[PDB]
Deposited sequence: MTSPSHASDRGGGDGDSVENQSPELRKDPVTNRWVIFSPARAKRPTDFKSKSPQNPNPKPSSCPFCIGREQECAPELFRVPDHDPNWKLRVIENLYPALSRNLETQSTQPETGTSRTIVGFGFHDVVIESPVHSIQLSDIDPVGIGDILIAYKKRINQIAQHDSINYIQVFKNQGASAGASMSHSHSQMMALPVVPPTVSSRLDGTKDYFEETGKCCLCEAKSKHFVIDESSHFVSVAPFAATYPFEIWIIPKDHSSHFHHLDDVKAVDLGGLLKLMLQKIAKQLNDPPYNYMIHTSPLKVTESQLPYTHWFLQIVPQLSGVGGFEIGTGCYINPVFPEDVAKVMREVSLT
């Protein structure tokens, strides 16, 4: 049954028009990121344990940054200023994040936080995007496990689009769209402080939003318990995806608040984590319209992910 849907968090029409059971992936031994080879990496910001030779993760600068941290005093057209950094996820070469315990993932998530705060000290930076790219066509240039963060001198579309949307939904309904998640999105799994769902008007097939059950406008408010919990759920979400979809290239994106949000935006600004398994590409309709075509309804995705067995 083809229809069009819209989520006040993404604010753009997606078409739903397809079987959910047949969707599957179709997309060295050492590296400079490996422990004992830090001399081959760009400058470090910090490493957990705090300044320790037997480290768990490190937060280093990107050797080929997309934005220049040396254009700060210099800010139609603006200068390429930013902080494009890399968070090293494991000292080990070949272990994928989803195979990292949930407590270790919690710590990686705690690093993002600490860095965002370190960055939030720069009045120029207005929004950092914490995102992970695992896989060639999902953009993984390194095989070792890592995630990327970039701090921007502007507020992007989806954000002002998400902020422009959840506010319009709040003004009327009185509620923050994500607080209504279990009643407005399809439930997959739930942890102590988070719940996962196939979004009502999902962009991509098999897309996931791990959503804080409590109302929290900014990611950086991650504590140790929540960081370990969410880790377990993120670990659970990445394993059900890998089994059910045959280890597809996938990336994840943390969505949070503009650095200088308003006291008013808080009641409807609610962060979350989006997981997008790569299962297909686009054509001239999408690039041209900004509207996506999703071949699987979240009604089915939610049934599948619930039926996935992990033993």
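Visitor: If a residue lacks a C-alpha atom here, it counts as unmodelled; so which stretches of the deposited sequence fall into that category?
Guide: Missing CA coords at 1-21, 40-43, 53-59, 108-115.
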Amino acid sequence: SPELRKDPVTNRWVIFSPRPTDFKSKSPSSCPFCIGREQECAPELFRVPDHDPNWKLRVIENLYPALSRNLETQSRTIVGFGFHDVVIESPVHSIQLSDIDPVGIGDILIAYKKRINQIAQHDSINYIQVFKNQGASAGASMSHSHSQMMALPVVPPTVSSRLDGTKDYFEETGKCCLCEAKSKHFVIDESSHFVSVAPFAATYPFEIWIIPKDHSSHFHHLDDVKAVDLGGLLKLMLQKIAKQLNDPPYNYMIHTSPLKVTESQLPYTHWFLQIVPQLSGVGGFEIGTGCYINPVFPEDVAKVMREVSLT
From here on, numbers count along this sequence of modelled residues.
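Visitor: Would you say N54 is commonly dropped, meaning unmodelled in a third or more of the other compared entries that have residues on each side of it?
Guide: No.
Visitor: As a check of understanding, is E299 unmodelled in at least a third of the other compared entries that model its flanking residues?
Guide: No, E299 is modelled in every one of the other compared entries that cover both of its flanks.
Visitor: May I ask you to compare 88-96 and 128-136 by their mean CA B factor in the entry and name the higher one?
Guide: Result of the comparison: 88-96.
Visitor: According to the deposited model, is the average Cα temperature factor higher in 60-68 or in 34-42?
Guide: Between 34-42 and 60-68, it is 34-42 that shows the higher mean C-alpha B-factor.
Visitor: Specify which of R76, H146, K182, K114 carries the largest Cα B factor in the deposited PDB entry.
Guide: The record points to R76.
Visitor: Between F170, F194, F206, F81, let me know which has the highest C-alpha B-factor in the entry?
Guide: By C-alpha B-factor in the record, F170 ranks first.
Visitor: Give the position of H51 by CA B-factor within its chain, expressed as the lowest, middle or highest third.
Guide: Highest third - that is where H51 ends up once the chain's C-alpha B-factors are sorted.
Visitor: Using the B-factor values recorded in the entry, state whether the Cα atom of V103 falls in the lowest, middle or highest third among the modelled residues of its chain.
Guide: Middle third, going by the recorded CA B-factors of the chain.
Visitor: Would the CA B-factor of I119 place it in the lowest, middle or highest third of its chain?
Guide: According to the entry, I119 has a C-alpha B-factor in the chain's middle third.
Visitor: Among all modelled residues of this chain, ranked by Cα B factor, put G231 in the bottom, middle or top third, i.e. lowest, middle or highest.
Guide: Ranked within chain, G231 CA B lands in the middle tercile.
Visitor: Going by the entry, which third of its chain does the Cα temperature factor of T289 land in?
Guide: CA B-factor rank for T289: lowest third.
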